[PDB]
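# Breakdown of the fold
So you can see what is in the structure, the chains are spelled out below.
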2 protein chains.
Amino acid sequence: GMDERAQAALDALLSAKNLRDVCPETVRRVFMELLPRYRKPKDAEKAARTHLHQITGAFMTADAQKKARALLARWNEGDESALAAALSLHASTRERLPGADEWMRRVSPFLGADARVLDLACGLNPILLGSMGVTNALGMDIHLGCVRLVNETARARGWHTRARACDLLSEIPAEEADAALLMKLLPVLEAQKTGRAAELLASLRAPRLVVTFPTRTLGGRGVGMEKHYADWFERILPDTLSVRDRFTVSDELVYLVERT
Amino acid sequence: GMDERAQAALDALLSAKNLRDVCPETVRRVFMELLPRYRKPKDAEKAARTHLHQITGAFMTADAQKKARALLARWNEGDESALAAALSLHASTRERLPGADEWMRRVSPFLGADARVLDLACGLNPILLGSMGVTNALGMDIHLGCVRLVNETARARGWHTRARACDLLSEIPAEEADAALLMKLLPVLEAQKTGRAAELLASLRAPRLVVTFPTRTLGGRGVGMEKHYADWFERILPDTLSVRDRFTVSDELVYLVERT
Ligand SMILES: Nc1ncnc2c1ncn2[C@@H]1O[C@H](CSCC[C@H](N)C(=O)O)[C@@H](O)[C@H]1O
Ligand SMILES: Nc1ncnc2c1ncn2[C@@H]1O[C@H](CSCC[C@H](N)C(=O)O)[C@@H](O)[C@H]1O
């Protein structure tokens, strides 16, 4: 069985306001992976909180989610167009908003007309996509707040797009699709389990993949993250896959990848 | 002069709740660096918001700051010891809490007894330090919320420690000290201006430096960030400085650096 003081620490994690919208099985998995590394379960709890913030919490806060909820409601009015204002509330979509036009111009012909699109670790990106005519996507994420907002917005707009819970460390999505998006995802997945990026890429049942990385440059060249991600990606990419194209849009390094 | 629509976009940034505690000169500098790269000043505004979130906002939210305020008040009662609970509210200090004992055991003999310590881009770290007997530090940061909390806590505890506003892209701190801490700082500084890390290290007026990097590992080895930071650091380190020691504590790669 489980130690009682360990369960109290896990309980503090599971009842935390900040984690209320993370998949509980993910919270538990992270904590149990860390629990054998600290003598004090309260130290495992702090370590799990940090881990969970790094992999999902930092992109969107708890009350910015209710704020995003109310903004997207004003967008379906068709007056406000605070659609930009809502998508600005998740760190990964706000990063993409200023280059979104360039991004769709350069990526959408790869996806194909009316493609069935899987958006893996989707955050709020399926709302951005859907606004730009890509309305047949299936998002998935461990952040049930993201999932909920996507489904609500899609049903209100008449999109076929939907989202569902998914922890990519314990599930390789089995859906069929024309394309899958792995945007700003592989580094944080590989941080959670060595080899997991290559295992995911080799097993997805979509012939075209869009894989992207953040270039954490902000006017200076930084420590060279873009080249480091590129080298790593080219080294782990399964031999069954081939890069069709590479380019950088608004501090996002984008790869168009084809199944050979 | 400045374009009026550009100033309206800057004004939206300067009046934003999320930025209310960032140094205004820093907000303006970031926006003016980006303003010549977008045709629409509202796109420069979104880009500046993203930049500013990456360099300072993501570590601590706006209301977690009032929460930290109320927790630290209960700690000076000497009953609650929610000191751990407050320091858990800034991402960089919560990362360090579980290894803090190991961290002080391994770093403090380098600082020296009753050292005068500069804490550059200090976040809430001077409160963590001060609790552990390092009570003569001068923190500095662009986050005036951090600065305010540090000064309030220090005066209530009787510490000599203080903090002040400082933008490390436009100022090389001129203070004299026994040691300076550059913790989880050089990558984000170098992302803002190429060469700025080496210029800062070569000009600080302290004979001992503690320089640290996040190892963004979470159970998997990720893309190899630790080795990448190590290689970069060894390449940019000014020849007037020498690494005395290196070790990793709680996903922080730590260098003890001596002026030769
Ligand atoms: N193990 C995991 N399984 C599923 N999603 C995960 C995950 N680890 C992190 N995530 C999700 O990965 C996302 C990283 S931010 C990238 C979001 C989106 N692809 C975009 O580019 O806009 C977060 O939404 C987080 O919830
Ligand atoms: N140009 C700049 N000048 C001063 N501080 C900066 C800065 N860019 C980012 N920062 C600060 O750098 C910090 C990075 S988080 C690291 C905080 C602290 N050293 C610790 O390890 O706990 C944030 O507090 C942010 O406010």
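Residues numbered from 1 in each chain as written, not as in the entry; some residues may be left out. Chains lettered and ligands numbered in written order. Heavy atoms only, no water.

As recorded in the PDB header, X-ray crystallography is the method behind this entry, and the stated resolution is 1.850 Å.

### Looking at the environment of B:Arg208
Residue and element names in this part refer to chain B. To keep it simple, the criterion reads: Only runs of H or I of at least four residues qualify as helices and only runs of E of at least two qualify as strands under DSSP, and these elements are numbered from the N terminus. Exposure classes here rest on a 1.4 Å probe applied to the protein chains alone. A residue is buried below 20% of its type maximum, exposed above 50%, and partly exposed in between. Only heavy atoms matter for contacts: two residues are in contact if any of them lie within 4.5 Å across the pair.
Mapped onto the elements of the fold, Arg208 is located in strand β5 (residues 208-214). Assessed through its relative accessible area of 23%, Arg208 is described here as partly exposed. Between the C-alpha atom of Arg208 and that of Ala177, which follows or precedes it by 31 residues, the distance is 8.9 Å. Setting aside residues no more than four positions away along its own chain, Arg208 makes contact with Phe110, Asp178, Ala179, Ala180, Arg244, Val257 and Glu258.

### Regarding the site of ligand 2
Residues and elements named next belong to chain B. Stated formally: Nearness is defined per residue: one heavy atom within 4 Å of the molecule or strand is enough. We call two N or O atoms a polar contact when they sit within 3.5 Å, provided that within protein one can donate a hydrogen and the other can accept it, with sequence-adjacent residues counted only if both atoms are side-chain atoms. Think of it as three bins: nonpolar holds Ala, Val, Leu, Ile, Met, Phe, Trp, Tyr, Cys and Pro, charged holds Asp, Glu, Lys and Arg, and polar takes everything else, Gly as well. In this document the domain limits rely on a domain assignment from an automatic tool or a database.
Of all residues adjacent to ligand 2, which total 20 residues, the nearest are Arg96, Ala121, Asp141, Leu168 and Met183. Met183 has a polar backbone atom sitting 2.9 Å from a nitrogen atom of ligand 2. Its residues assigned to classes, the shell around ligand 2 comprises nine nonpolar, seven polar and four charged. Looking at which domains feed residues into the shell around ligand 2, each of domain 1 (1-59) and domain 2 (60-260) supplies at least three.

### Focus: the site of ligand 1
Residues and elements named next belong to chain A. Selection criterion: Using a 1.4 Å probe, the Shrake-Rupley method yields the accessible areas, and only the shown protein chains count as cover for residues.
Lining the immediate environment of ligand 1, one finds 20 residues, of which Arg96, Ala121, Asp141, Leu168 and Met183 sit closest. Between ligand 1 and the protein, one listed contact pairs an oxygen atom with a side-chain N or O atom of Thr56 at 3.0 Å. In the environment of ligand 1, an oxygen atom lies 2.4 Å from a nitrogen or oxygen atom belonging to the side chain of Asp141. Out of a free accessible area of 580 Å², ligand 1 has 99% covered by protein chains. Counted by class, the shell around ligand 1 contains nine nonpolar, seven polar and four charged residues. Both domain 1 (1-59) and domain 2 (60-260) contribute no fewer than three residues apiece to the shell around ligand 1.

### Thoughts on unusual backbone geometry
Residues and elements named next belong to chain A. The phi angle at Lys184 is positive, at roughly 50°, despite the residue not being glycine. Tracing the chain through its elements places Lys184 in the loop between β4 (179-183) and α10 (186-192). In this structure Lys184 comes out as buried when scored by relative accessible area, which is 15%. Its identity as a non-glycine residue notwithstanding, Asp251 has a phi of 60°, on the positive side. By relative accessible area, which is 36% here, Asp251 ends up partly exposed.

### What to know about the relation of the copies chain B and chain A
Rules: Copies of the molecule are overlaid using a least-squares fit to their C-alpha atoms.
For the pair chain B and chain A, the best superposition has an RMSD of 0.0 Å and corresponds to a rotation of 180° with a translation of 0.0 Å parallel to the axis. Given the turn and translation reported, the copies of this chain are related as if by a two-fold rotation axis. Closest approach to the rotation axis within chain B is made by the C-alpha atom of B:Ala58, at a distance of 3.2 Å. Here 100% of the interface residues in chain B have copies in chain A that are interface residues too; the copies meet face to matching face.

### Thoughts on the packing of helix α2 (residues 24-34) of chain B against helix α3 (residues 41-55) of chain B
Residues and elements named next belong to chain B. The condition is simple: Note on method: axes are straight lines fitted to C-alpha atoms, helices fitted across the in-contact stretch only, with angles between N-to-C directions ranging 0 to 180 degrees. Convention used here: angles under 35 degrees read as roughly parallel, angles over 145 as roughly antiparallel, angles from 65 to 115 as roughly perpendicular, and any remaining angle as oblique. Here is the rule for handedness: rotate from the far helix to the near one, and if that takes an anticlockwise turn smaller than a right angle the crossing is left-handed, while a clockwise turn gives right-handed.
Relative to each other, α2 and α3 sit at 130°, their axes nearing to 9 Å. In this view, α2 runs oblique relative to α3, as classed from their interaxial angle. For the crossing formed where α2 meets α3, the hand is right-handed. On α3, the residues touching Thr26, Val27, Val30, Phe31 and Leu34 of α2 are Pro41, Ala44, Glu45, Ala47, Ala48, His51 and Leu52. When the residues that make up the contact of α2 with α3 are grouped by side-chain class, the tally is nine nonpolar, two polar and one charged.

### Side note on the nonpolar core
Where a protein is soluble and globular, its nonpolar side chains tend to be buried together. Put simply, the rule is: The criterion is simple. A nonpolar core is a set of buried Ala, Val, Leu, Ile, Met, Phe, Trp, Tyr and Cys residues joined through side-chain atoms within 4.5 Å.
Counting 66 residues, the largest nonpolar core has A:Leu182, A:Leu186, A:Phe233, B:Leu182, B:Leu186 and B:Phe233 as its most contacted members. Every residue in contact with B:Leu186, bar those within four places of it in the chain, is listed here: B:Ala197, B:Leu201, B:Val211, B:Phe213, B:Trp232 and B:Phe233.

### Some words on the packing of aromatic side chains
All names here are of chain A. For clarity, the cut-off: Two rings belonging to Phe, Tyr or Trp (six-membered ring only in the last case) form a pair when the distance between their centres is within 6.5 Å. Interplanar angles under 30 degrees mark stacking, angles over 60 mark edge-to-face geometry, and anything in between is tilted.
All told, the structure shown has twelve aromatic pairs over all chains when counted by the stated rule. Ring centres of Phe213 and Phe233 lie 5.5 Å apart, and the angle between their planes is 65°; this geometry places the pair in the edge-to-face category. With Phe213 in strand β5 (residues 208-214) and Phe233 in helix α12 (residues 225-236), the pair connects residues that are 20 residues apart, well separated along the chain. Relative accessible area serves as the criterion here: at 0%, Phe233 is assigned to the buried category.

### Regarding the domain arrangement of chain A
Residues and elements named next belong to chain A. As a reminder of what qualifies: Summed over both partners, buried area is the accessible surface (1.4 Å probe) that two parts give up on being assembled. Throughout this description, the term salt bridge denotes a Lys or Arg side-chain nitrogen within 4 Å of a carboxyl oxygen of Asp or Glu.
Taken domain by domain, chain A consists of domain 1 (1-59) and domain 2 (60-260). Distance from the C-alpha centre of domain 1 to the C-alpha centre of domain 2: 26 Å. Summing the contributions of domain 1 and of domain 2, the shared interface buries around 1300 Å²; its carbon and sulfur component is 53%. Seen at the junction of domain 1 and domain 2, the total is two salt bridges.

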